[PDB]
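**Student:**
Number of protein chains: 2
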Amino acid sequence: XXXXXXXXXXXXXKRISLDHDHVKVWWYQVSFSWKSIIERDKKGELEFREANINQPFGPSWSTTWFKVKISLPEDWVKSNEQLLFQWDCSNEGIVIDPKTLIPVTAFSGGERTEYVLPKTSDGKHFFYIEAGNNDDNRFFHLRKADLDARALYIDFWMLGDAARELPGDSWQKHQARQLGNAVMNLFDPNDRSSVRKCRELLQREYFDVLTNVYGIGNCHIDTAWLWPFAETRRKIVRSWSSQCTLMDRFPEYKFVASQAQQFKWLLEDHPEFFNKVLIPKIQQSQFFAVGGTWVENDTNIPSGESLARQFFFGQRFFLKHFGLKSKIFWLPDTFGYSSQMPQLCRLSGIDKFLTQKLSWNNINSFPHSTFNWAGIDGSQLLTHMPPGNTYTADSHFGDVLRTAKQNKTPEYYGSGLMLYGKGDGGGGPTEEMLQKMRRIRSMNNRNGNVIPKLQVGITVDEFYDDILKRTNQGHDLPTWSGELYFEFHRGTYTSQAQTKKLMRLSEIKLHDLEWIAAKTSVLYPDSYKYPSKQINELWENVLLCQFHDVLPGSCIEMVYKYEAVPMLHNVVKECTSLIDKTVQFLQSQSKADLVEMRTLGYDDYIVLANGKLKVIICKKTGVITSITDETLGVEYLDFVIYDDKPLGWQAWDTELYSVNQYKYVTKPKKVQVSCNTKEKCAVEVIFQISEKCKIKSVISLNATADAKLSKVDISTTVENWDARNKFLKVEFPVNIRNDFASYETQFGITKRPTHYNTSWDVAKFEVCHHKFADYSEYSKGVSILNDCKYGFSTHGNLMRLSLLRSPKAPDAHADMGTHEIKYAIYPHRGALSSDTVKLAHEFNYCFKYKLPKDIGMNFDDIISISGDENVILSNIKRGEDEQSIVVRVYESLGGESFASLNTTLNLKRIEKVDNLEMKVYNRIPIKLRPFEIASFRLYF
Amino acid sequence: XXXXXXXXXXXXXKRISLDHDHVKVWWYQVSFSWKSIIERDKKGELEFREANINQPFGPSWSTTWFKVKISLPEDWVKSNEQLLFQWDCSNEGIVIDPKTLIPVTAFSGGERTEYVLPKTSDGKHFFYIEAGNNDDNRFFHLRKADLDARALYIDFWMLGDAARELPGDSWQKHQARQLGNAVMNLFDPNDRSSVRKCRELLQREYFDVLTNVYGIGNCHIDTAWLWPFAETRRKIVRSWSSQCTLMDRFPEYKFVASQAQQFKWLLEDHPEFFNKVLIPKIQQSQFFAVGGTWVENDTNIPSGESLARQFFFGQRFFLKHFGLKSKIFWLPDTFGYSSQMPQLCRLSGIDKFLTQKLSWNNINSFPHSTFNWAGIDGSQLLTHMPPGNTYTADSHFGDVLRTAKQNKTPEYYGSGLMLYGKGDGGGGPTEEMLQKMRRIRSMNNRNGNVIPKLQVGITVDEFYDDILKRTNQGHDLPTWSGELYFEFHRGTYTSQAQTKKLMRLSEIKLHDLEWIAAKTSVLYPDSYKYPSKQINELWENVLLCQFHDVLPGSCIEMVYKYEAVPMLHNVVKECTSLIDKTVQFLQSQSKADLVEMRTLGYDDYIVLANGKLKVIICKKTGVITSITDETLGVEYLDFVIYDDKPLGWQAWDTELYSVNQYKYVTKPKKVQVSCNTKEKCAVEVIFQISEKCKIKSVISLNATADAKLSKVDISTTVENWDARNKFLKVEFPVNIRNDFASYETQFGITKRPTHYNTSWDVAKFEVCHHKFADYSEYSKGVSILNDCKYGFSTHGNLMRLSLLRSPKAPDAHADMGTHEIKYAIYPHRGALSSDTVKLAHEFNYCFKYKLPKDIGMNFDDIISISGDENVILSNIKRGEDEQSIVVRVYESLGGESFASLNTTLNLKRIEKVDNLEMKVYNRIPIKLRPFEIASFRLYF
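Chains A and A' are the protein sequences, given in the same order. A prime marks a further copy of an entry chain. Here the first sequence stands for residues -12 to 0, 45 to 63, 77 to 178, 193 to 203, 209 to 271, 287 to 678, 702 to 739, 752 to 818, 821 to 996, 1011 to 1050, 1065 to 1083, numbered as in the deposited numbering. Here the second sequence stands for residues -12 to 0, 45 to 63, 77 to 178, 193 to 203, 209 to 271, 287 to 678, 702 to 739, 752 to 818, 821 to 996, 1011 to 1050, 1065 to 1083, numbered as in the deposited numbering.
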């Protein structure tokens, strides 16, 4: 059918010319800054040397600079020709043509790329290019030219490619075939006069339901990944330069940036001439900042304060010369989404959101891609969702009509959605031939509006103007309550808990000193008292490791050591330095000060004797048998049984072997008890397994009301040895029947069933959590507190916490070494149903005691008339510039009770203020809605 | 998915009003003309009587007239309402509102239909409507109205229907669903104000690659079918009237007519006011005559003279006030096509052709639907071919986008093809809502040219202007040599040979007297001599039964008796009257005249002794054993073995039972011989079968050079009895190996293989032929002459002629009764290879002898210096208006030899003239091309 005759023939087979200049070429390498090397160039004879040939290398962390001094050949003849220099793209680097140094040019784009030499100025210039190693040898040759001949070659390549994508039943496929025919006729027998003429004839063969197809070129950059931050800091400057050279070459282009800190990275590295580059670039057009967010992160693990700073400290750039923005919120690589996001968005002045994964196309009780998200708070979020092709559809895309068809099926709207650029790497490239892409697509389809029109230059702001018109304001709409569920690729989330232990301890610790440091305002006045400039710098370093890829611990071994480096550590070390600092001139009013933040036995007979409860491990079995309440009457049989099953997948996802029996840790145990006291009781029982390894958990608790508490504390200490690729968990089967699982999400409590959605794919079902998870019919249940482990699962009502994971990924630090784990099991009652939530989250508190000399009185309870047990205040902090402070509260128990808010203060005034710390004229609500975040601001 | 919620809901469920007028209504019936009944109405009391109710009936050939006298209700109120009268469509009839009689109105349209009452004139009028019976009772009620409300109901019905046809993956399907949603909202709770308003809102929801989709409303009418000619003569006037009322209602509409005689039928029936109706109708626009052909017929069975008259005598209307024409040639219902058609078309001034069946979509060594036909003559024919959906795609079509997709796949072009109207019935209807159809399709798709534009008002003449531009003039193009092959539905073609015997004998007989009647021109001058006006009327009646459906004998029993009526008979009877007439004053120069047209034994030892050949039937077997040539050396084993196999299909197609053994006629035969002489030898052998029936064939031949001839003559006489649904054939296996079968088509010899094309579907393979079929390696072979049987088959080189067929169709005359059949078997040699063709075709000649008184000399051979054995002159005749005569010749043997043409005459001049008898300035060719028809004209 002549299918392989037209397609594979001409696609393979003045005009393009290749000249070679061997001399004047220099090479440089550092085996030990662009401004530092410019002074080391002209002076004497340094490591800069003549290359003139291909330079091989070997694996190193070193970077290799390269210098090419080119003299323009002849005068007029080769000037009209297009000047070009081809380079082989290495792992990283930069390219410059500095005098002395004005420019910064793009590198990080794909292995194929073009560098244009200015035809405006006739003379000799210089070139500075470095190549990051990880080895990749560069192929460098000068390439002259024509533009019209190469255009036809590209247009034909995108022609026949579009012929294959078009339906064979349509006449267009037979048309495009005949179009690929006539072109091949004059193209074959090597004729320049025919090629240029045939290009004109092809255009004549080209030009002879309201819908729209658009796209926005973007670069998604991970600040920490298998390449480090310092190296990727050089990678982000390559993303800006590719646009700058594209602007003069092509107009109407659109770029978006998920990092507000990206601006600062460029302003710190290139403060001089590139601060004045951004202003005409951003203000006029062609640039948009999405979300104005300081960090792109997973929202499940951290608190709302992490989401509070990124909005506020990312809005700080708006105070500088900046501020052309968009209403879209972009978290493409983020796994999972919080249920408080619809509430956080509207308050942050951002009305749109984008989600890559976590969706399906079918009747789900859900129509399509485009979606209006209604959280459990009751608020609504209009969000724009890309199809199942994700962001890799338009990434490095020359295929034209290929994914255009697959985009139309999931989406209805009046139009589709395309995201240009790659989100996997040091940063995404932006192709320079996109100008022809938009043009050649306007060659196939006619102009005027009848058939869908092709415009790549439209902005999402105008796109959101279209959705406000076509579709109704709505009452009954696409509706999904809570979060979304698809293949999560949880992976490292529960793996390498040691980086969580450091972070989660640093999380609370940095969240510790915040508010109380504003309570010393009255004591010693200067600015009064608050580490405004001091704590601002603190949040700068911490948010850097909190990114979506970095925080769970999925990365190479090099940057993983930078996670356990002072980056995480010194934060705790500086905060523990400040907490011992501010105390000196403060606590001096305290003789003996207990510092805590709030606002108002037997062996053979196997018993630990007390009133509250009883939990018993059988003899020689090693497994807890009876957990039973006398007053309640609930008896348990199948507790705390540790289970170890291997893992055969990589760091990304988790895939267990087919029907693999999980090895129990039960063995010929021995019995022991740590101490002897009414205050302290710890009974020790040893567990062992094949390839002997010591797995230790501890038992701690306070009796009743001599010790006082309602909850046990069980901490696990395990030093891993030998066998890798294993996944360890501890089971807490409730032996109870409930279709609902109580779990506390970020700023609230979400309601999720015991069984996953019927559309679920992956066998293994695990859920990420903050602190505790419960099962409650409201008259009773079982509550499980935990530390350093964010994961858990619903087994058919068997509570299983994930202690450790060891992926087969190329990381050797995820396998062996000691670990300190902690968790708990708590008895549940209807009266204690609101108590278990209160005794869970903030239990991470660490007791600390210190005393100065005595002059004063140390008892002051300064909080004013609120007293709501159903509400919990997560964050209260100051401002930037005044020093007005903000107060943010959220209701713990919601969905049933309507919390009356009497919260107020004295000696000053108060007004309700959103999460962006921006002034809002409703006033303080006397009653809080269920599952509502209440944030306020305080002024003198 | 709410699929059956939107689609089946609102589709089922001032405004429409139904009023009943019982009085003033009259009914009439003839159990025994519109002009005859108008005088019988007002006078006295006739069979016209009060009806006022529904009138039941019973099967009859009668027609029932009906009269409704309607008085306009009130004045203004019901005047604004749309006046309508609904009738139940019967088999046939006419509808009139005569004063006294001006109008003729359309009836034959489908059971649903509308009759509009004029709102211009306020008063009382009359209605005349007759109903043909075959019984169908009419439901008649007066219907008032609004137009805007009914429009929305239709537009919505065509909306949701288009929603189902559109791909579910596209957003258009989800869009049209939402369009069907909002409409149903205000439509449900019975609100006139909402409906009229929602109709406007729907239009707002509507309006918000170069291709074209067009169509032409047409009516294909069979002049003789299961309803007779006299009754369908009333049916054709209903086709014109439907257009006339449509013209004022809607513009740009296009109609086409395959019958040039259709004009005469209307001019004979309505000569007065309807002769002046056609002129503004045809001349301006909206009407086109396709092919200008007198008859639509199968071209395989008759001669070229039948195709010659239909062009010429159909061009006679052009001499009247007429002549807006098209270049298209239309034979949709015609089974099979001649190979001389590409030659006949270009000469007739008609450059395009249309074919319904006989095509396939695949790579056949053939691209698509659109085709350039190159005959075996070497000439090219550009033809337009409808898709596999044939003409029933757009027939009675409210389905919109339904067949629009299936039309695009077989065809490439720049555009598709649609044929509106039904070709099966007394005549095709043309719907009055086509105005909204074009409009609502312009509602879905936007305007201006980007996407395909919808125009139903374009003419094929302008369509052929588009094909001359887009596609190349061409050298290598779609190419198919000879005829086309698909399921033929041969059927009645070989069935009921008795109507062929009468026609084929009438064919030659009417073709007999033609030319020689111009040879008496000199004898007795008045106009000189020729039956110009006499033979013109002869061809009028004959061509009437030669139509594609009528000629093969597929029809009801009523009109089948009209086939054996004087219609066929009197033609022979009038021609045998004229041949005995013109002879009287002509042959008187002949004492004894032999009139022929041309230009220069044993039993037990089982032998008929002579020199030329030997053919022997074995004793008691009944089957011929050895047919052998001594000089040539070819011996045959397996001849003339009659075979009878049943048939389980209808008249249309032929389907044999699965692996059914064909019963041989061999039986305990007896031997006999008719006469005894050297001049006459006939040996008789009886055959019999179960349910005893006498099957007789005869043996006749002339020996060598006392009798002289090279060919045997075997005639079969069989009187059918008992068992029906059988198919009888006689086998002549050659016992030879040839991949080619020599067969003489109409005006030439086509070359067809022994095996059917690999794309063939139906098991049984049979071929229609004129006279003989041969198998020749050119050194030898076997030639089979036959009479009254047009069918034969290729069995793997076994020659099988079809004697009779008896279909299961509702025709009882195709079963039983006597039949007279004739055929032959001829020996073949390289020297006689050109002889066998010459001894085959015209052998149908019948010897006739008569003598007058003697004065004169009877020998004159008047032909002038041609003498080409490879050429054969089929037709030479006179003109219409002068009386110049034309001469048409065609080469019998072609594909190898180039025939030198010395043909000329004396005492006058000669010029080459096409098949339309139109003057052409190349002159007489001295050499004829292979397979070329040479036609000339003679002037005084």
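Every residue gets a Cβ at the ideal spot worked out from N, C-alpha and C, and that includes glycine.
Evaluate contact between the segment 427 to 438 of chain A' and the segment 558 to 577 of chain A', counting only Cβ atoms and requiring at least three cross-stretch pairs below 8 angstroms.
**Tutor:** Yes, the segment 427 to 438 of chain A' touches the segment 558 to 577 of chain A'.
**Student:** Ordered along the chain, which non-local residues of its own chain (more than five positions away) have a Cβ less than 7 angstroms from that of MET221 (chain A')?
**Tutor:** The residue you call residue 221 (chain A') lines up with position 158 of the second sequence. Excluding sequence neighbours, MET221 (chain A') sits near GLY476, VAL478 and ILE518.
**Student:** Is it buried or exposed for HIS51 (chain A), if we count other Cβ within 10 angstroms and need 16 for buried?
**Tutor:** Locating residue 51 (chain A) in the first sequence gives position 20, where the first residue counts as 1. Classification for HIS51 (chain A): exposed.
**Student:** Please work out which residues of its chain come closer than 8 angstroms, Cβ to Cβ, to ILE1067 (chain A), disregarding the five sequence neighbours upstream and downstream, and give them in chain order.
**Tutor:** Residue 1067 (chain A) sits at position 924 when you count from the first residue of the first sequence. Excluding residues within five positions, the ones whose Cβ falls inside 8 angstroms are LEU1030, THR1032, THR1033, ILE1039, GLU1040, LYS1041 and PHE1079.
**Student:** Could you work out which residue in A:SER605, A:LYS611 and A:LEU402 is closest to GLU592 (chain A) when comparing CA atoms only?
**Tutor:** Here the question's residue 592 (chain A) lines up with position 514 in the first sequence. It is A:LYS611.
**Student:** Quick one: complete beta strand (DSSP E) runs, 3+ long, within the segment 884 to 909 of chain A'?
**Tutor:** For the segment 884 to 909 of chain A', whole beta strand (DSSP E) runs of length 3 or above, ordered along the chain, are 887 to 891, 895 to 902 and 906 to 909.
**Student:** If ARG93 (chain A) and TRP57 (chain A) are in contact, beta carbons under 8 angstroms, what's the gap, nearest whole angstrom?
**Tutor:** One-based indexing of the first sequence puts residue 93 (chain A) at position 49. One-based indexing of the first sequence puts residue 57 (chain A) at position 26. Yes, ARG93 (chain A) and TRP57 (chain A) are in contact; Cβ-Cβ is about 7 angstroms, under 8 angstroms.
**Student:** Quick check on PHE365 (chain A): does DSSP put it in helix, strand or coil?
**Tutor:** Within the first sequence, numbered from 1, the residue matching residue 365 (chain A) stands at position 287. Correct three-state label for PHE365 (chain A): strand.
**Student:** Reducing DSSP to helix, strand and coil, say where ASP756 (chain A') ends up.
**Tutor:** Position 643 of the second sequence, counted from the first residue, corresponds to residue 756 (chain A'). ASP756 (chain A') falls in the strand class under three-state DSSP.
**Student:** I'd like to know if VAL287 (chain A) contacts chain A', where contact means its C-beta is closer than 8 angstroms to some C-beta of that chain.
**Tutor:** One-based indexing of the first sequence puts residue 287 (chain A) at position 209. For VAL287 (chain A), the answer is yes, since a Cβ of chain A' falls inside 8 angstroms of its Cβ.
**Student:** Taking only the alpha-carbon atoms, compute the straight-line gap between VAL1018 (chain A') and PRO103 (chain A') and give it to the nearest angstrom.
**Tutor:** Numbered from its first residue, the second sequence carries residue 1018 (chain A') at position 889. Numbered from its first residue, the second sequence carries residue 103 (chain A') at position 59. For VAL1018 (chain A') and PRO103 (chain A'), the distance between alpha carbons rounds to 53 angstroms.
**Student:** Can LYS968 (chain A) and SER666 (chain A) be called in contact, C-beta distance under 8 angstroms?
**Tutor:** As a first step, residue 968 (chain A) is located in the first sequence; it is residue number 853 there, counting from the start. As a first step, residue 666 (chain A) is located in the first sequence; it is residue number 588 there, counting from the start. Yes.
**Student:** Just by C-beta distance, which residues in the segment 528 to 542 of chain A' are closer than 7 angstroms to chain A?
**Tutor:** If the cut-off is 7 angstroms between Cβ atoms, the segment 528 to 542 of chain A' has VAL528 and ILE529 near chain A.
**Student:** Taking the alpha-carbon positions, what's the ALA955 (chain A) to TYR941 (chain A) distance?
**Tutor:** Residue 955 (chain A) sits at position 840 when you count from the first residue of the first sequence. Residue 941 (chain A) sits at position 826 when you count from the first residue of the first sequence. Those two C-alpha atoms are separated by around 9 angstroms.
**Student:** When the cut-off is 8 angstroms and only beta carbons count, does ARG524 (chain A) lie next to chain A'?
**Tutor:** Along the first sequence, one-based indexing puts residue 524 (chain A) at 446. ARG524 (chain A) counts as touching chain A'.
**Student:** For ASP232 (chain A'), decide whether its Cβ has a neighbour in chain A, counting only Cβ atoms nearer than 8 angstroms.
**Tutor:** Stepping through the second sequence from its first residue, residue 232 (chain A') is reached at position 169. Closer than 8 angstroms: yes.
**Student:** Give the residues from the segment 472 to 487 of chain A' that approach chain A closer than 7 angstroms (Cβ to any Cβ), ordered along the chain.
**Tutor:** So the close ones are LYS486 and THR487.
**Student:** For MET931 (chain A), count neighbouring C-beta atoms within 10 Å of its own C-beta (all shown protein chains included) and say buried if the count is 16 or more, exposed if not.
**Tutor:** Residue 931 (chain A) sits at position 816 when you count from the first residue of the first sequence. Its Cβ having fewer than 16 others within 10 Å, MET931 (chain A) is exposed.
**Student:** Hey, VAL849 (chain A') and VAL882 (chain A') are a contact pair by Cβ (cut 8 angstroms); roughly how many whole angstroms apart?
**Tutor:** Taking the first residue of the second sequence as 1, we reach residue 849 (chain A') at position 734. Taking the first residue of the second sequence as 1, we reach residue 882 (chain A') at position 767. With 8 angstroms as the limit, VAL849 (chain A') and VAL882 (chain A') do not qualify as a contact, their Cβ atoms being about 16 angstroms apart.
**Student:** In terms of residue numbering, what span does the beta strand (DSSP E) encompassing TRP451 (chain A) cover?
**Tutor:** Locating residue 451 (chain A) in the first sequence gives position 373, counting from the first residue. It spans 449 to 452 - the beta strand (DSSP E) in which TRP451 (chain A) sits, taken as one unbroken run.
**Student:** Give the range of the alpha helix (DSSP H) segment to which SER457 (chain A) is assigned.
**Tutor:** Taking the first residue of the first sequence as 1, we reach residue 457 (chain A) at position 379. Where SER457 (chain A) is concerned, there is no enclosing alpha helix (DSSP H), given that its DSSP letter is neither H nor E.
**Student:** With DSSP collapsed to three states, give me the class of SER106 (chain A').
**Tutor:** Counting from one through the second sequence, the residue named residue 106 (chain A') turns up at place 62. Coil at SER106 (chain A'), not helix or strand.
**Student:** Would you call the CB atoms of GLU309 (chain A') and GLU136 (chain A') closer than 8 angstroms?
**Tutor:** Numbered from its first residue, the second sequence carries residue 309 (chain A') at position 231. Numbered from its first residue, the second sequence carries residue 136 (chain A') at position 92. Yes, these two residues count as a Cβ contact at 8 angstroms.
**Student:** Should the segment 647 to 661 of chain A' be called in touch with the segment 396 to 411 of chain A', which here means at least 3 C-beta pairs below 8 angstroms?
**Tutor:** No, the segment 647 to 661 of chain A' does not touch the segment 396 to 411 of chain A'.
**Student:** Closest to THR570 (chain A') by CA distance: which of A':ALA924, A':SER443 and A':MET645 is it?
**Tutor:** The residue labelled residue 570 (chain A') in the question sits at position 492 within the second sequence. Closest option to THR570 (chain A'), Cα to Cα, is A':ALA924.
**Student:** Which full runs of the alpha helix (DSSP H) of 4+ residues lie inside the segment 120 to 169 of chain A', going along the chain?
**Tutor:** With a minimum length of 4 residues, no continuous alpha helix (DSSP H) run stays inside the segment 120 to 169 of chain A'.
**Student:** Closest Cβ-Cβ distance between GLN364 (chain A) and chain A': below 8 angstroms?
**Tutor:** Indexing the first sequence from 1 puts residue 364 (chain A) at position 286. Chain A', which has no Cβ nearer than 8 angstroms to the Cβ of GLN364 (chain A), makes this no.
**Student:** Along the chain, where does the alpha helix (DSSP H) containing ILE299 (chain A) start, and where does it finish?
**Tutor:** The residue you call residue 299 (chain A) lines up with position 221 of the first sequence. Segment: none, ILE299 (chain A) is in no alpha helix (DSSP H) and carries neither H nor E.
**Student:** Secondary structure at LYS86 (chain A), three-state DSSP: helix, strand or coil?
**Tutor:** Here the question's residue 86 (chain A) lines up with position 42 in the first sequence. The answer is coil: DSSP assigns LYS86 (chain A) none of H, G, I, E or B.
**Student:** Would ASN195 (chain A) and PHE328 (chain A) qualify as a contact pair, given that the criterion is a beta-carbon distance under 8 angstroms?
**Tutor:** Sequence index remark: in the first sequence, residue 195 (chain A) carries index 137 (1-based). Sequence index remark: in the first sequence, residue 328 (chain A) carries index 250 (1-based). Contact flag unset, no.
**Student:** Tell me which residues of the segment 556 to 572 of chain A have at least one Cβ-Cβ distance to chain A' shorter than 7 angstroms, keeping chain order.
**Tutor:** Hits within the stretch: zero.
**Student:** Just list the residues that DSSP pairs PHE391 (chain A') with in beta bridges.
**Tutor:** Against the second sequence, residue 391 (chain A') aligns to sequence position 313. Bridge partners of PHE391 (chain A'): none, in fact.
**Student:** 8 angstroms is my cut-off, CB to CB: does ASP627 (chain A) come that close to chain A'?
**Tutor:** On the first sequence, position 549 is the one that residue 627 (chain A) refers to. No, its Cβ sits nowhere closer than 8 angstroms to a Cβ of chain A'.
**Student:** So, under 8 angstroms CB-CB, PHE625 (chain A') and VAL373 (chain A') are touching, yes? Tell me the CB distance rounded to an integer number of Å.
**Tutor:** Along the second sequence, read from residue 1 onward, the residue named residue 625 (chain A') stands at position 547. Along the second sequence, read from residue 1 onward, the residue named residue 373 (chain A') stands at position 295. Contact flag correct, Cβ pair sits at about 6 angstroms.
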